[PDB]
Amino acid sequence: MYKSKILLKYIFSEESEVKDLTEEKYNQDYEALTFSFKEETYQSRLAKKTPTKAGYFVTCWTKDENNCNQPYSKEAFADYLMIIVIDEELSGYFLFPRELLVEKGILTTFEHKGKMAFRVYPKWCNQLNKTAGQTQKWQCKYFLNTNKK
(Lines give C-alpha, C1' and ligand atoms only; values in the text may rest on other atoms or scores of the structure.)
Protein backbone atom coordinates (compact mmCIF):
# COMPACT_ATOMS: atom_id res chain seq x y z
CA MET A 1 0.00 0.00 0.00
CA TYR A 2 1.94 2.92 -1.43
CA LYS A 3 0.88 6.47 -0.57
CA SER A 4 0.61 7.21 -4.32
CA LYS A 5 -2.36 4.81 -4.63
CA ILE A 6 -4.36 7.12 -2.33
CA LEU A 7 -3.34 10.21 -4.32
CA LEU A 8 -4.01 8.66 -7.69
CA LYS A 9 -7.59 7.93 -6.58
CA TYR A 10 -7.78 11.53 -5.46
CA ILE A 11 -6.10 12.98 -8.65
CA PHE A 12 -8.19 10.98 -11.12
CA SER A 13 -11.34 11.07 -8.95
CA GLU A 14 -14.02 12.42 -11.28
CA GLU A 15 -16.36 13.80 -8.62
CA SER A 16 -17.51 13.41 -5.08
CA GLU A 17 -21.16 12.83 -4.27
CA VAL A 18 -19.85 14.23 -0.95
CA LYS A 19 -21.75 17.47 -0.43
CA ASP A 20 -21.24 20.47 1.88
CA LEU A 21 -17.76 19.46 3.04
CA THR A 22 -17.14 21.89 5.89
CA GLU A 23 -14.50 22.31 8.57
CA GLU A 24 -15.84 22.18 12.12
CA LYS A 25 -14.75 24.91 14.59
CA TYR A 26 -14.23 22.99 17.87
CA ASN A 27 -12.24 19.81 17.08
CA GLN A 28 -10.01 21.44 14.45
CA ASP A 29 -6.97 19.93 16.04
CA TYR A 30 -8.32 16.60 14.88
CA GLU A 31 -9.27 17.93 11.42
CA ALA A 32 -12.99 17.99 12.24
CA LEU A 33 -15.27 17.94 9.21
CA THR A 34 -18.97 17.75 8.42
CA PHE A 35 -20.51 16.63 5.13
CA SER A 36 -23.36 14.72 3.57
CA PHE A 37 -23.24 11.64 1.35
CA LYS A 38 -26.35 10.11 -0.24
CA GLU A 39 -28.74 12.22 1.88
CA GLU A 40 -26.93 11.20 5.09
CA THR A 41 -24.96 13.40 7.48
CA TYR A 42 -21.39 12.72 8.53
CA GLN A 43 -18.87 14.01 11.01
CA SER A 44 -15.22 12.97 10.51
CA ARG A 45 -12.01 13.18 12.60
CA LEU A 46 -8.33 12.23 12.20
CA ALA A 47 -7.27 10.44 15.39
CA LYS A 48 -3.81 10.94 16.98
CA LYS A 49 -1.13 8.64 18.24
CA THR A 50 -0.11 9.73 21.75
CA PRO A 51 3.33 8.76 23.10
CA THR A 52 2.63 6.71 26.25
CA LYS A 53 -0.64 5.10 25.27
CA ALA A 54 -1.89 2.55 22.79
CA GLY A 55 -4.61 3.13 20.22
CA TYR A 56 -5.45 6.49 18.74
CA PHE A 57 -6.97 9.38 20.68
CA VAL A 58 -9.80 11.45 19.18
CA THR A 59 -12.02 14.34 20.39
CA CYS A 60 -15.77 14.70 19.76
CA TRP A 61 -17.19 17.76 21.46
CA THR A 62 -19.13 20.95 21.11
CA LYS A 63 -19.86 24.16 23.02
CA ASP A 64 -23.23 24.80 24.66
CA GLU A 65 -24.97 28.20 24.98
CA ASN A 66 -22.98 28.90 28.15
CA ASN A 67 -19.68 28.39 26.26
CA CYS A 68 -19.02 25.13 28.17
CA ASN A 69 -17.45 22.16 26.37
CA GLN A 70 -19.87 19.26 26.06
CA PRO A 71 -20.26 15.86 24.39
CA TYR A 72 -22.70 15.92 21.44
CA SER A 73 -26.25 14.84 22.24
CA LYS A 74 -28.02 11.95 20.54
CA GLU A 75 -30.54 14.37 19.04
CA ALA A 76 -28.14 16.86 17.47
CA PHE A 77 -25.50 14.52 16.00
CA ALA A 78 -24.97 13.38 12.41
CA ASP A 79 -26.04 9.92 11.25
CA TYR A 80 -22.41 8.74 11.22
CA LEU A 81 -19.10 9.50 12.90
CA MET A 82 -16.05 8.72 10.77
CA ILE A 83 -12.70 8.23 12.55
CA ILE A 84 -9.74 8.25 10.12
CA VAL A 85 -6.41 6.69 11.26
CA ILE A 86 -3.15 7.44 9.39
CA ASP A 87 -0.04 5.89 10.86
CA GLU A 88 2.65 5.68 8.12
CA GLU A 89 2.31 2.32 6.35
CA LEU A 90 -1.11 1.92 7.94
CA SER A 91 -4.43 3.65 7.28
CA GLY A 92 -8.07 2.75 7.92
CA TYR A 93 -11.29 4.29 9.16
CA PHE A 94 -14.04 3.47 11.57
CA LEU A 95 -17.55 4.56 10.67
CA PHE A 96 -19.85 4.43 13.70
CA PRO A 97 -23.54 5.12 13.30
CA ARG A 98 -25.04 7.62 15.76
CA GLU A 99 -27.02 4.83 17.48
CA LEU A 100 -23.83 2.92 18.24
CA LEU A 101 -22.32 6.08 19.75
CA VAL A 102 -25.37 6.21 22.06
CA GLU A 103 -25.06 2.52 23.06
CA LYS A 104 -21.40 3.11 24.02
CA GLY A 105 -21.84 6.36 25.97
CA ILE A 106 -20.12 8.70 23.53
CA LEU A 107 -23.25 10.79 22.81
CA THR A 108 -25.38 12.39 25.54
CA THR A 109 -28.91 11.14 26.23
CA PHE A 110 -31.53 12.32 28.77
CA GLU A 111 -30.34 9.44 30.94
CA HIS A 112 -26.55 10.05 31.03
CA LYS A 113 -23.84 12.43 29.77
CA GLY A 114 -21.60 11.48 26.86
CA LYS A 115 -17.84 11.62 26.35
CA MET A 116 -15.78 14.41 24.73
CA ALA A 117 -12.87 12.12 23.84
CA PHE A 118 -12.17 8.42 23.27
CA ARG A 119 -9.64 5.90 21.93
CA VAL A 120 -10.10 3.78 18.81
CA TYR A 121 -8.15 0.55 18.19
CA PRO A 122 -7.55 -0.44 14.57
CA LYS A 123 -7.30 -4.13 13.73
CA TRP A 124 -3.48 -3.98 13.64
CA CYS A 125 -3.23 -3.16 17.39
CA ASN A 126 -1.75 -5.96 19.44
CA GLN A 127 -0.96 -6.65 23.11
CA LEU A 128 -3.86 -4.43 24.30
CA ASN A 129 -4.87 -4.55 28.00
CA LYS A 130 -8.32 -5.91 28.82
CA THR A 131 -10.44 -2.74 28.66
CA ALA A 132 -8.76 -1.62 25.44
CA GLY A 133 -9.29 -5.23 24.24
CA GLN A 134 -13.08 -5.06 24.72
CA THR A 135 -13.25 -1.58 23.22
CA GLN A 136 -11.36 -3.10 20.26
CA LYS A 137 -13.87 -5.93 19.85
CA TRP A 138 -16.69 -3.41 19.19
CA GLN A 139 -15.03 -0.89 16.94
CA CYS A 140 -13.79 -4.03 15.14
CA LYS A 141 -16.98 -4.58 13.26
CA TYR A 142 -16.86 -0.92 11.97
CA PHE A 143 -13.26 -0.81 10.87
CA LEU A 144 -11.97 -0.87 7.30
CA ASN A 145 -8.29 -0.91 6.31
CA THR A 146 -7.44 1.20 3.21
CA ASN A 147 -5.37 -1.84 2.15
CA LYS A 148 -8.17 -4.45 2.29
CA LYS A 149 -7.90 -7.77 0.36
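Looking at the entry header, you'll see X-ray crystallography listed as the method and 2.10 Å as the resolution.

Undergrad: Explain the overall build of the chain residue by residue, including any values.
TA: Across its full length, the chain holds three helices and ten strands. Compactness check: the chain gives a C-alpha radius of gyration of 16 Å against a globular reference of 15 Å for 149 residues, within 12% of the reference. Taken over the C-alpha atoms alone, the chain extends approximately 45 × 40 × 25 Å along its principal axes. Of all intrachain contacts in the chain linking residues separated by at least 6 positions in sequence, the fraction that spans at least 24 positions is 50%.

Undergrad: Just give me the short version of the pairing of strand β8 (residues 90-97), but keep the residues and values in it.
TA: Pairing geometry for strand β7 (residues 80-87) and β8, over eight bridges, is antiparallel. Across the sheet, residue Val85 finds its bridge partner in β8, namely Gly92. Counted along the chain from β7 to the antiparallel partner β8, the turn is two residues long, and its residue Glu88 has a positive phi close to 55°. Pairing of β8 with strand β10 (residues 143-145) involves three bridges; the strand directions are antiparallel. Along β10, the bridge assignment pairs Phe94 with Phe143.

Undergrad: Provide a residue-level description of the nonpolar core, including the pertinent values.
TA: The biggest cluster of nonpolar side chains holds 25 residues, and the ones touching the most others in it are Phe77, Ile83, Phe96, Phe118 and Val120. Counting only elements with at least two residues in this core, the list comes to β4 (56-59), β7, β8, α2 (98-103), β9 (117-120) and α3 (130-140). If sequence neighbours within four positions are ignored, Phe118 has contacts with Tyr56, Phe57, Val58, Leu81, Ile83, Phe96, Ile106 and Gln139.

Each value, and the rule that gives it
Residues numbered from 1 in each chain as written, not as in the entry; some residues may be left out. Heavy atoms only, no water. Residues with missing side-chain atoms left out of burial classes, pairs and counts. Helix = DSSP H or I, 4+ residues; strand = E, 2+ residues; numbered from the N terminus. Rg over C-alpha atoms; globule rule 2.2 N^0.38 Å. Contact = heavy atoms within 4.5 Å. Pairing = 2+ DSSP bridges. Core = buried A, V, L, I, M, F, W, Y, C linked by side-chain atoms within 4.5 Å. Buried < 20%, exposed > 50% of the residue type's maximum accessible area, 1.4 Å probe, protein only.

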